[PDB]
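Given as structure tokens, the chain that follows is alone and in the form deposited in one PDB entry.
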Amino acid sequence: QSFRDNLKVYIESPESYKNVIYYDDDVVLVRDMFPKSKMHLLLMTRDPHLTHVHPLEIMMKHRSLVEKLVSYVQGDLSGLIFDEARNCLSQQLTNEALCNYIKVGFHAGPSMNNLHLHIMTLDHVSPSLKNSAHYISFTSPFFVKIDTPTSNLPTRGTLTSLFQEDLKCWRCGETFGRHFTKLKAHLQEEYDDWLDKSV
């Protein structure tokens, strides 16, 4: 009905989309249409019950889905993911370098209704990263890493006013107040530095 159901077509009809880089009966790996890092993918369950379950509920009470998703990411999709990353970053990056530069998690408050796990590089260098909320949502407790212990899931209390905070580089700790454009330029430098040291 609304924009919030936009991801639905990927799990209904993955055979129709070239940016669906993997599908089977259970899951779909699709490119993020508005990548917030050089590589940004979404792993979606095709299970019609679970797809509408809130990610925090998934983390709390659906561990078997959580384990399955992790199995895909470390297993049958790992080669695929490393290749996407090498194409998006550099061919000269090894699996080990890439593995330490990739994060996997749910947003604590999704906008899209179909459950989707973000798998993305750490750089946050991207034209689609256009505002502070974008950046903060992937670099704060709002981003719930897939290996978060259940007792440490973020709470309504801990998330309060999170998008209003000063901008901080995830890599070196430097602060930028609310100067989003300054952060952007800094992220670019951080990426060039990391790339040059990693190739």
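Start at 1 with the first residue shown and count on from there. For the two forms, the rigid core is made up of the largest set of C-alpha atoms that agree within 1.5 Å on superposition.
Form deposited in another entry: not shown, discussed below.
When the two forms are superposed on their rigid core between the shown form and the other one, the C-alpha shift of 2 Å or more among 48, 173, 157, 149 belongs solely to 157. Relative to the shown form, the Cα atoms of residue 150 and residue 160 move apart by 3 Å or more in that other deposited form.
The pair residue 108 and residue 158 is at least 3 angstroms closer at the CA level in that other deposited form than in the present model.
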